[PDB]
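Visitor: Sending over target_0.cif (mmCIF, C-alpha atoms and all ligand atoms).
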```cif
data_query
loop_
_atom_site.label_atom_id
_atom_site.label_comp_id
_atom_site.auth_asym_id
_atom_site.auth_seq_id
_atom_site.Cartn_x
_atom_site.Cartn_y
_atom_site.Cartn_z
CA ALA F 1 0.00 0.00 0.00
CA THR F 2 3.09 2.30 -0.02
CA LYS F 3 5.31 2.09 -3.11
CA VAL F 4 8.54 3.98 -3.46
CA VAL F 5 11.20 3.94 -6.18
CA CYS F 6 14.77 5.03 -6.85
CA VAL F 7 16.68 5.43 -10.12
CA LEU F 8 20.41 4.85 -9.53
CA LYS F 9 22.77 6.69 -11.88
CA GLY F 10 26.52 6.79 -11.91
CA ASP F 11 29.47 6.24 -14.24
CA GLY F 12 29.87 2.82 -15.94
CA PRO F 13 27.04 3.11 -16.58
CA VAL F 14 26.35 1.89 -13.05
CA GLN F 15 22.60 2.19 -13.35
CA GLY F 16 19.65 0.56 -11.72
CA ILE F 17 16.01 0.77 -10.73
CA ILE F 18 15.14 -0.17 -7.16
CA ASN F 19 11.54 -0.54 -6.00
CA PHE F 20 10.36 -0.46 -2.38
CA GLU F 21 6.98 -1.65 -1.11
CA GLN F 22 5.47 -1.63 2.38
CA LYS F 23 2.07 -3.29 2.86
CA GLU F 24 1.47 -1.68 6.35
CA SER F 25 3.23 1.21 8.26
CA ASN F 26 4.15 -1.34 10.99
CA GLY F 27 5.47 -3.77 8.35
CA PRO F 28 8.61 -4.88 6.52
CA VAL F 29 9.71 -3.18 3.29
CA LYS F 30 10.36 -5.36 0.26
CA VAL F 31 13.21 -3.98 -1.88
CA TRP F 32 13.77 -5.34 -5.38
CA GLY F 33 15.18 -4.45 -8.75
CA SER F 34 18.32 -4.63 -10.88
CA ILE F 35 21.67 -2.81 -11.01
CA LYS F 36 24.00 -3.23 -13.99
CA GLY F 37 27.54 -2.03 -14.77
CA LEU F 38 28.99 -3.32 -11.47
CA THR F 39 32.26 -5.20 -10.90
CA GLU F 40 31.74 -8.81 -9.73
CA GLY F 41 31.33 -9.15 -5.98
CA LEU F 42 29.72 -7.31 -3.12
CA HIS F 43 28.73 -3.63 -3.29
CA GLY F 44 27.62 -1.75 -0.18
CA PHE F 45 24.01 -0.69 -0.49
CA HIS F 46 22.82 2.10 1.81
CA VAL F 47 20.27 4.78 2.35
CA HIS F 48 22.21 8.02 2.96
CA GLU F 49 20.83 10.90 4.99
CA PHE F 50 20.21 13.64 2.41
CA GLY F 51 18.26 13.50 -0.85
CA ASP F 52 20.74 16.05 -2.17
CA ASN F 53 22.49 15.25 -5.48
CA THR F 54 23.66 18.90 -6.02
CA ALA F 55 27.27 17.85 -6.55
CA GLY F 56 26.60 14.14 -7.27
CA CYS F 57 26.35 11.31 -4.71
CA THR F 58 28.76 12.94 -2.19
CA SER F 59 26.04 15.55 -1.42
CA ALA F 60 23.92 12.73 0.11
CA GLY F 61 26.06 12.80 3.27
CA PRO F 62 26.56 9.89 5.65
CA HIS F 63 24.42 6.76 6.09
CA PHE F 64 20.90 7.58 7.26
CA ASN F 65 21.23 7.24 11.01
CA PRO F 66 18.27 8.83 12.79
CA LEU F 67 18.98 6.73 15.95
CA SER F 68 22.71 7.72 16.26
CA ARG F 69 23.89 4.07 16.17
CA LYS F 70 27.06 2.50 14.76
CA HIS F 71 27.23 0.96 11.27
CA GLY F 72 26.23 -2.72 10.94
CA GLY F 73 24.58 -5.27 8.61
CA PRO F 74 20.84 -5.31 8.02
CA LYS F 75 20.39 -8.32 10.36
CA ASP F 76 22.18 -6.52 13.28
CA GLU F 77 20.35 -4.63 16.11
CA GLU F 78 23.33 -2.23 16.09
CA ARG F 79 22.99 -0.70 12.59
CA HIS F 80 22.15 2.59 10.90
CA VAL F 81 18.57 2.66 9.63
CA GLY F 82 20.13 3.02 6.14
CA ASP F 83 22.26 -0.17 6.48
CA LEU F 84 20.97 -2.51 3.72
CA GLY F 85 24.22 -4.54 3.55
CA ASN F 86 25.46 -5.56 0.09
CA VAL F 87 24.08 -6.29 -3.36
CA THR F 88 26.10 -8.94 -5.22
CA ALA F 89 27.03 -8.55 -8.88
CA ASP F 90 27.97 -11.50 -11.08
CA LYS F 91 30.54 -11.57 -13.92
CA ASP F 92 27.82 -10.01 -16.14
CA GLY F 93 28.04 -6.99 -13.77
CA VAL F 94 24.34 -7.38 -12.78
CA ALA F 95 23.06 -7.41 -9.18
CA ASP F 96 19.59 -8.84 -8.77
CA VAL F 97 18.27 -7.01 -5.69
CA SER F 98 15.86 -8.88 -3.45
CA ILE F 99 15.89 -7.62 0.20
CA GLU F 100 13.21 -7.54 2.92
CA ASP F 101 14.00 -5.11 5.76
CA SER F 102 12.10 -4.31 8.97
CA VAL F 103 14.12 -1.22 10.02
CA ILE F 104 13.72 1.08 6.98
CA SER F 105 10.17 2.35 6.52
CA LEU F 106 8.10 4.26 4.00
CA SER F 107 6.43 6.17 6.94
CA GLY F 108 7.44 7.62 10.35
CA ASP F 109 10.86 8.71 11.76
CA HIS F 110 12.58 5.85 9.88
CA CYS F 111 11.08 6.93 6.54
CA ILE F 112 13.54 6.80 3.63
CA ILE F 113 11.49 8.94 1.21
CA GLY F 114 13.45 11.99 0.10
CA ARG F 115 16.78 10.36 1.11
CA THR F 116 19.39 8.91 -1.28
CA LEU F 117 20.03 5.24 -2.12
CA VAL F 118 23.71 4.60 -2.93
CA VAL F 119 25.50 1.59 -4.38
CA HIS F 120 29.19 1.59 -3.36
CA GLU F 121 32.58 0.70 -4.90
CA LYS F 122 33.48 -2.12 -2.51
CA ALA F 123 31.98 -4.63 -0.06
CA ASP F 124 30.36 -3.44 3.14
CA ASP F 125 32.05 -5.43 5.92
CA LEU F 126 28.78 -5.03 7.92
CA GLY F 127 30.84 -3.39 10.72
CA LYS F 128 32.78 -6.66 11.41
CA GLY F 129 35.91 -5.26 9.70
CA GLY F 130 37.94 -4.45 12.88
CA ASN F 131 39.05 -0.96 11.82
CA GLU F 132 37.39 2.31 12.95
CA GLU F 133 35.86 2.96 9.52
CA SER F 134 34.04 -0.47 9.72
CA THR F 135 31.72 0.99 12.45
CA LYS F 136 30.95 4.09 10.31
CA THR F 137 30.94 3.26 6.55
CA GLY F 138 31.62 -0.55 6.47
CA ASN F 139 34.67 0.32 4.29
CA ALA F 140 32.43 0.22 1.20
CA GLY F 141 34.35 3.06 -0.48
CA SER F 142 33.18 5.44 -3.14
CA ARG F 143 29.67 6.05 -4.47
CA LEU F 144 29.19 4.44 -7.87
CA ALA F 145 25.54 5.44 -8.39
CA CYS F 146 22.73 7.02 -6.45
CA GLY F 147 19.27 8.48 -6.65
CA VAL F 148 16.71 10.26 -4.53
CA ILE F 149 14.04 7.95 -3.13
CA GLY F 150 10.63 8.99 -4.42
CA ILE F 151 6.93 8.20 -4.03
CA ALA F 152 5.63 5.77 -6.64
CA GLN F 153 2.15 5.13 -7.97
CA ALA R 1 14.44 24.90 9.74
CA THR R 2 13.42 22.45 6.94
CA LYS R 3 15.53 22.54 3.74
CA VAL R 4 14.80 20.52 0.65
CA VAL R 5 16.49 20.49 -2.76
CA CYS R 6 15.90 19.30 -6.31
CA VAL R 7 18.38 18.75 -9.17
CA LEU R 8 16.60 19.23 -12.54
CA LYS R 9 17.94 17.08 -15.41
CA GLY R 10 16.42 15.78 -18.63
CA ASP R 11 17.19 14.49 -22.13
CA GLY R 12 18.24 17.88 -23.60
CA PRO R 13 20.03 21.07 -22.49
CA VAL R 14 17.77 22.03 -19.56
CA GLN R 15 19.29 21.68 -16.11
CA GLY R 16 18.94 23.46 -12.80
CA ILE R 17 19.14 23.39 -9.01
CA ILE R 18 16.15 24.46 -6.94
CA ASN R 19 16.25 24.93 -3.19
CA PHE R 20 13.23 25.01 -0.83
CA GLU R 21 13.18 26.27 2.76
CA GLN R 22 10.36 26.40 5.33
CA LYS R 23 11.15 28.23 8.57
CA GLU R 24 7.95 27.13 10.42
CA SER R 25 5.97 23.83 10.34
CA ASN R 26 3.01 25.27 8.38
CA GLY R 27 4.60 28.59 7.23
CA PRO R 28 5.48 29.75 3.67
CA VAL R 29 8.16 27.93 1.60
CA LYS R 30 10.90 29.96 -0.09
CA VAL R 31 11.92 28.48 -3.46
CA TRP R 32 15.06 29.70 -5.21
CA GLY R 33 17.72 28.68 -7.66
CA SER R 34 18.66 28.70 -11.33
CA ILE R 35 17.64 26.80 -14.48
CA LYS R 36 19.66 27.10 -17.71
CA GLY R 37 19.22 25.78 -21.29
CA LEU R 38 15.68 27.18 -21.59
CA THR R 39 14.06 29.03 -24.49
CA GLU R 40 13.30 32.69 -23.69
CA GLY R 41 9.92 33.17 -22.02
CA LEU R 42 7.67 31.36 -19.57
CA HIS R 43 8.09 27.70 -18.60
CA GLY R 44 5.51 25.91 -16.46
CA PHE R 45 6.94 24.93 -13.11
CA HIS R 46 5.14 22.21 -11.16
CA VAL R 47 5.40 19.63 -8.46
CA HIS R 48 4.11 16.38 -10.00
CA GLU R 49 2.66 13.54 -7.96
CA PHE R 50 5.26 10.77 -8.24
CA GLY R 51 9.00 10.89 -7.40
CA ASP R 52 9.30 8.27 -10.13
CA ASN R 53 11.95 8.92 -12.84
CA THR R 54 11.97 5.27 -14.10
CA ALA R 55 11.32 6.31 -17.69
CA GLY R 56 12.29 10.01 -17.37
CA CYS R 57 9.99 12.86 -16.38
CA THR R 58 6.81 11.22 -17.81
CA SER R 59 6.94 8.72 -14.88
CA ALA R 60 6.21 11.61 -12.48
CA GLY R 61 2.51 11.55 -13.40
CA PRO R 62 0.07 14.46 -13.15
CA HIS R 63 0.41 17.64 -11.03
CA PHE R 64 0.53 16.91 -7.29
CA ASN R 65 -3.11 17.40 -6.32
CA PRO R 66 -3.84 15.86 -2.87
CA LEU R 67 -6.96 18.17 -2.55
CA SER R 68 -8.58 17.21 -5.93
CA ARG R 69 -8.72 20.83 -7.17
CA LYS R 70 -8.48 22.20 -10.74
CA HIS R 71 -5.20 23.59 -12.15
CA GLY R 72 -4.44 27.29 -11.49
CA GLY R 73 -1.60 29.74 -10.79
CA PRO R 74 0.22 29.89 -7.45
CA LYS R 75 -1.73 33.03 -6.40
CA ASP R 76 -5.16 31.35 -7.11
CA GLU R 77 -7.31 29.61 -4.42
CA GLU R 78 -8.31 27.05 -7.05
CA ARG R 79 -4.94 25.42 -7.80
CA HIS R 80 -3.21 22.08 -7.40
CA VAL R 81 -0.79 21.97 -4.48
CA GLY R 82 1.95 21.48 -7.11
CA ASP R 83 1.00 24.65 -9.10
CA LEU R 84 4.07 26.92 -8.90
CA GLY R 85 3.21 28.88 -12.05
CA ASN R 86 6.03 29.74 -14.45
CA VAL R 87 9.74 30.46 -14.32
CA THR R 88 10.87 33.04 -16.90
CA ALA R 89 14.05 32.56 -18.96
CA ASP R 90 15.85 35.42 -20.64
CA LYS R 91 17.61 35.38 -24.04
CA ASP R 92 20.58 33.67 -22.33
CA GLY R 93 18.19 30.76 -21.55
CA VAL R 94 18.61 31.29 -17.74
CA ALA R 95 15.63 31.47 -15.32
CA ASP R 96 16.41 32.98 -11.94
CA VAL R 97 13.90 31.32 -9.60
CA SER R 98 12.69 33.29 -6.61
CA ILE R 99 9.21 32.13 -5.37
CA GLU R 100 7.52 32.19 -1.95
CA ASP R 101 4.55 29.81 -1.75
CA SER R 102 2.05 29.20 1.10
CA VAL R 103 0.34 26.08 -0.31
CA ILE R 104 3.28 23.69 -0.78
CA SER R 105 4.82 22.43 2.45
CA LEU R 106 7.87 20.48 3.62
CA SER R 107 5.66 18.55 6.13
CA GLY R 108 2.14 17.07 6.33
CA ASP R 109 -0.42 16.24 3.55
CA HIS R 110 0.85 19.14 1.37
CA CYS R 111 4.47 17.88 1.65
CA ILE R 112 6.39 17.85 -1.62
CA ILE R 113 9.29 15.66 -0.43
CA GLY R 114 9.65 12.55 -2.57
CA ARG R 115 7.63 14.14 -5.41
CA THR R 116 9.05 15.46 -8.70
CA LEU R 117 9.70 19.08 -9.70
CA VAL R 118 9.28 19.59 -13.47
CA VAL R 119 10.10 22.50 -15.75
CA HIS R 120 7.98 22.48 -18.91
CA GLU R 121 8.37 23.27 -22.65
CA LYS R 122 5.80 26.08 -22.76
CA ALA R 123 4.01 28.68 -20.60
CA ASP R 124 1.48 27.59 -17.98
CA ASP R 125 -1.63 29.65 -18.74
CA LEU R 126 -2.45 29.43 -14.99
CA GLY R 127 -5.84 27.86 -15.94
CA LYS R 128 -7.00 31.12 -17.71
CA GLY R 129 -6.43 29.58 -21.15
CA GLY R 130 -10.16 28.90 -21.95
CA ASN R 131 -9.67 25.30 -23.15
CA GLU R 132 -10.29 22.12 -21.07
CA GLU R 133 -6.58 21.33 -20.69
CA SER R 134 -6.03 24.83 -19.14
CA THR R 135 -7.83 23.55 -15.96
CA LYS R 136 -5.66 20.36 -15.88
CA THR R 137 -2.06 21.07 -17.08
CA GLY R 138 -2.11 24.83 -17.98
CA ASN R 139 -1.07 23.76 -21.53
CA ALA R 140 2.60 23.88 -20.49
CA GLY R 141 3.55 21.02 -22.83
CA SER R 142 6.35 18.56 -22.49
CA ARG R 143 8.76 18.01 -19.59
CA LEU R 144 12.20 19.46 -20.27
CA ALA R 145 13.88 18.58 -16.95
CA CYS R 146 12.88 17.15 -13.59
CA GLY R 147 14.14 15.76 -10.35
CA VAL R 148 12.94 14.09 -7.18
CA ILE R 149 12.55 16.49 -4.27
CA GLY R 150 14.97 15.47 -1.51
CA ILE R 151 15.76 16.32 2.12
CA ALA R 152 18.72 18.69 2.43
CA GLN R 153 21.15 19.36 5.22
SE1 LIG X 201 7.44 8.95 4.82
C1 LIG X 201 6.82 9.68 6.10
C2 LIG X 201 7.58 10.19 7.18
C3 LIG X 201 6.94 10.81 8.26
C4 LIG X 201 5.55 10.98 8.31
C5 LIG X 201 4.75 10.51 7.26
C6 LIG X 201 5.33 9.87 6.14
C7 LIG X 201 4.46 9.41 5.00
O1 LIG X 201 3.29 9.14 5.26
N1 LIG X 201 4.93 9.60 3.75
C8 LIG X 201 4.15 10.39 2.82
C9 LIG X 201 3.60 9.66 1.62
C10 LIG X 201 2.44 10.16 1.05
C11 LIG X 201 1.84 9.54 -0.05
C12 LIG X 201 2.43 8.41 -0.58
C13 LIG X 201 3.61 7.91 -0.01
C14 LIG X 201 4.20 8.53 1.08
SE1 LIG X 202 7.26 15.80 4.54
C1 LIG X 202 7.26 14.29 3.88
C2 LIG X 202 6.66 13.87 2.66
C3 LIG X 202 6.76 12.56 2.17
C4 LIG X 202 7.43 11.59 2.91
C5 LIG X 202 8.04 11.93 4.12
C6 LIG X 202 7.99 13.22 4.62
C7 LIG X 202 8.67 13.52 5.93
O1 LIG X 202 8.15 14.38 6.65
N1 LIG X 202 9.80 12.87 6.27
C8 LIG X 202 10.45 13.15 7.54
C9 LIG X 202 11.44 14.30 7.46
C10 LIG X 202 11.29 15.37 6.57
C11 LIG X 202 12.21 16.43 6.52
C12 LIG X 202 13.32 16.40 7.38
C13 LIG X 202 13.46 15.35 8.28
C14 LIG X 202 12.54 14.30 8.32
ZN ZN X 203 25.84 2.43 7.99
ZN ZN X 204 -1.72 22.03 -11.87
#
```
Step by step, read the file and then write its structure as C-alpha cells.
Guide:
Amino acid sequence: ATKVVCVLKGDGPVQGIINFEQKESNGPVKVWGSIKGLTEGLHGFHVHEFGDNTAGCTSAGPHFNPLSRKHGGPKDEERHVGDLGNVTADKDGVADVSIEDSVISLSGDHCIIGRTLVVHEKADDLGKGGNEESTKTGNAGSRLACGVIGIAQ
Amino acid sequence: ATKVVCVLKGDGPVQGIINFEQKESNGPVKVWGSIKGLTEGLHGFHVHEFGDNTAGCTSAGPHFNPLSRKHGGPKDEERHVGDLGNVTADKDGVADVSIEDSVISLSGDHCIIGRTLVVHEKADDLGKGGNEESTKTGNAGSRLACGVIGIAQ
C-alpha cells in the first residue's frame, strides 16, 4: 500500500532501478530491482541521509542514522537505519536485488522517502571489519551510483 | 528549519538546481535557484505527484493534487498543491527562480518531499487559457527537466 522507487545513476554506466513496497506502516519493506555495470562481488548498499544530489552522490552525506547508532549489517540490532548490507554482482556486472528489511520504513521517523540510495565501490564489511571505519561506513568506499528515493504510484 | 532540494535534469540542455526552505511547520516555503538551457519566455513549473523517474519525467505523473482541485496559478485559491506557475528565462536561456509559496509544504499532507519538480516546454496559462486542458495542465507542454525532491542538510 506504499510504493517507493529510486533510479540509480553513476558512471559505468552503473545504473539501476530499485523498488520499495510496504504493505502496512508497521510492516517490513520489500526492496527489489536490478543494477548493472557493477564489478563482480559485493557492493555496499545504503540509504544516505540527504536526498541532495547537487554535486553528485557525495552531497547525500553519511548513512541515514536517525537513531545515532554505529554501522552494521541489516540483520544486526546495532545498525544505521540506512544499512541494507550488500548487493552482489555476477561476472555479467548485474546485481539482482531482493531484500526484505524491517528497520527502513516508507512512513514515520525511519522513513527513507526523500533520502538517497547509494550503491558503493566495494563490499560493506557489515561493521565486522575491525578498523574504525568499519563501524561508520563498512569500508564500502566510493559512491558508484545514487538516486533520490521517491513516491511511486 | 526544513531545507529541501531538487536537481533538474532531462534528455536535452535544460538543467537546474532548486532549493526550498520552510522556517515554520506550516509557514510559507521559499523556493530559489537557477535553471539554464531554456528558451526565452515562460516555462511551467510544477510539483508532479510521483517521485518516479523510471522512464524520465513522464513517470512523475500528473500535477501533485492531494486536494482534488483544478489547475491554477500559485496566487489562485483554485490550484493544485503542485502549481508553482512559471519560471521566466531570458535570451541567455537562464531562469532565476525566486518564489515564496504558502500552499506547498515540507511537512504534512501538502508535503512535496519525494515528489518530482518539473520544468515544462511552454508557458502555464495558470488555468486562464479557456480550453479544457487549461484547468488540468495549464497547456505547459512537455517536460524538459525534472528531479525528485529530496531532504537537504
Ligand atoms: Se514517509 C513519512 C515520514 C513521516 C511521516 C509521514 C510519512 C508518509 O506518510 N509519507 C508520505 C507519503 C504520502 C503519499 C504516498 C507515499 C508517502
Ligand atoms: Se514531509 C514528507 C513527505 C513525504 C514523505 C516523508 C515526509 C517527511 O516528513 N519525512 C520526515 C522528514 C522530513 C524532513 C526532514 C526530516 C525528516
Ligand atoms: Zn551504515
Ligand atoms: Zn496544476
Visitor: Once chain R is fitted onto chain F over all Cα atoms in order, please give the RMSD.
Guide: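 C-alpha RMSD after optimal superposition stands at 0.4 Å.
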Visitor: May I ask you to write as a list in words all residues lying at most 8 Å from ligand LIG 202 (chain X), with all atoms listed in the file counted?
Guide: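 Final answer, ordered by chain and number: residues 106, 107, 108, 109, 110, 111, 112, 113, 114 and 151 of chain F; 2, 3, 4, 105, 106, 107, 108, 109, 110, 111, 112, 113, 114, 115, 151 and 152 of chain R.
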Visitor: Take the selection from the previous step and output its residues with C-alpha atoms, as a PDB file, in the coordinates of the input.
Guide:
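Contents of the output file again-v1.pdb:
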```pdb
ATOM      1  CA  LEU F 106       8.100   4.260   4.000  1.00  0.00           C
ATOM      2  CA  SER F 107       6.430   6.170   6.940  1.00  0.00           C
ATOM      3  CA  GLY F 108       7.440   7.620  10.350  1.00  0.00           C
ATOM      4  CA  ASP F 109      10.860   8.710  11.760  1.00  0.00           C
ATOM      5  CA  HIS F 110      12.580   5.850   9.880  1.00  0.00           C
ATOM      6  CA  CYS F 111      11.080   6.930   6.540  1.00  0.00           C
ATOM      7  CA  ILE F 112      13.540   6.800   3.630  1.00  0.00           C
ATOM      8  CA  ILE F 113      11.490   8.940   1.210  1.00  0.00           C
ATOM      9  CA  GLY F 114      13.450  11.990   0.100  1.00  0.00           C
ATOM     10  CA  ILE F 151       6.930   8.200  -4.030  1.00  0.00           C
TER      11      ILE F 151
ATOM     12  CA  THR R   2      13.420  22.450   6.940  1.00  0.00           C
ATOM     13  CA  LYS R   3      15.530  22.540   3.740  1.00  0.00           C
ATOM     14  CA  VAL R   4      14.800  20.520   0.650  1.00  0.00           C
ATOM     15  CA  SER R 105       4.820  22.430   2.450  1.00  0.00           C
ATOM     16  CA  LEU R 106       7.870  20.480   3.620  1.00  0.00           C
ATOM     17  CA  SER R 107       5.660  18.550   6.130  1.00  0.00           C
ATOM     18  CA  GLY R 108       2.140  17.070   6.330  1.00  0.00           C
ATOM     19  CA  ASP R 109      -0.420  16.240   3.550  1.00  0.00           C
ATOM     20  CA  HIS R 110       0.850  19.140   1.370  1.00  0.00           C
ATOM     21  CA  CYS R 111       4.470  17.880   1.650  1.00  0.00           C
ATOM     22  CA  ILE R 112       6.390  17.850  -1.620  1.00  0.00           C
ATOM     23  CA  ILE R 113       9.290  15.660  -0.430  1.00  0.00           C
ATOM     24  CA  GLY R 114       9.650  12.550  -2.570  1.00  0.00           C
ATOM     25  CA  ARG R 115       7.630  14.140  -5.410  1.00  0.00           C
ATOM     26  CA  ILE R 151      15.760  16.320   2.120  1.00  0.00           C
ATOM     27  CA  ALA R 152      18.720  18.690   2.430  1.00  0.00           C
TER      28      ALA R 152
END
```
Visitor: Return as number ranges by chain the residues belonging to chain F that are within 10 Å of chain R, counting all atoms listed in the file.
Guide: F: 4-8, 16-19, 49-56, 59-61, 112-116, 147-153
Visitor: Ligand ZN 203 (chain X): which residues are within 7 Å, counting only C-alpha atoms and all ligand atoms? Reply as a ChimeraX atom specification.
Guide: /F:46,63,70-72,79-80,82-83,136-138
Visitor: Measuring between only C-alpha atoms, which one of R:13, R:27, R:93, R:62 shows the shortest distance to residue 42 in chain R?
Guide: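 Nearest to residue 42 in chain R: R:93.
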Visitor: Find the residues around residue 99 in chain R up to 9 Å (all atoms listed in the file counted), leave out those fewer than 6 positions away in its own chain, and share them as a ChimeraX atom specification.
Guide: /R:29-32,84
Visitor: Using all atoms listed in the file, which residue out of R:85, R:98, R:123, R:129 lies closest to ligand ZN 204 (chain X)?
Guide: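 The answer is R:85, which sits nearest to ligand ZN 204 (chain X).
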Visitor: Can you work out which one of F:68, F:102, F:142, F:131 has the shortest atom-to-atom distance to residue 28 in chain F, counting all atoms listed in the file?
Guide: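 Nearest to residue 28 in chain F: F:102.
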Visitor: Rank R:126, R:100, R:135, R:119 by their smallest atom-to-atom distance to residue 15 in chain R, using all atoms listed in the file, and report the top residue only.
Guide: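 Using all atoms listed in the file, the shortest distance to residue 15 in chain R belongs to R:119.
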Visitor: Please indicate the distance in Å from CA of residue 44 in chain F to CA of residue 57 in chain F, rounded to one decimal place.
Guide: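 Separating CA of residue 44 in chain F from CA of residue 57 in chain F is a distance of 13.9 Å.
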Visitor: May I have the centre and edge lengths, in Å to one decimal, of an axis-aligned box around the listed atoms of range 36-43 of chain R with 5 Å added to every side, as AutoDock Vina command-line options?
Guide:
```
--center_x 13.7 --center_y 29.5 --center_z -21.1 --size_x 22.0 --size_y 17.4 --size_z 16.8
```
Visitor: State, in Å with one decimal place, the distance from atom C4 of ligand LIG 201 (chain X) to CA of residue 48 in chain R.
Guide: 19.1 Å
Visitor: Considering only C-alpha atoms, state which residue in the set R:139, R:38, R:130, R:125 is at the smallest distance from residue 10 in chain R.
Guide: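 For residue 10 in chain R, the nearest of the given residues is R:38.
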Visitor: Using all atoms listed in the file, can you tell me which of F:25, F:34, F:65, F:39 comes closest to ligand LIG 201 (chain X)?
Guide: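 Of F:25, F:34, F:65, F:39, the one nearest ligand LIG 201 (chain X) is F:25, counting all atoms listed in the file.
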Visitor: In Å, how far is it from CA of residue 77 in chain F to CA of residue 133 in chain F?
Guide: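 Taking CA of residue 77 in chain F and CA of residue 133 in chain F, their separation equals 18.5 Å.
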Visitor: Compile the contact shell of residue 12 in chain R as a ChimeraX atom specification: residues with an atom at most 9 Å away, counting all atoms listed in the file, same-chain residues fewer than 3 positions apart removed.
Guide: /R:9,15,37,144-145
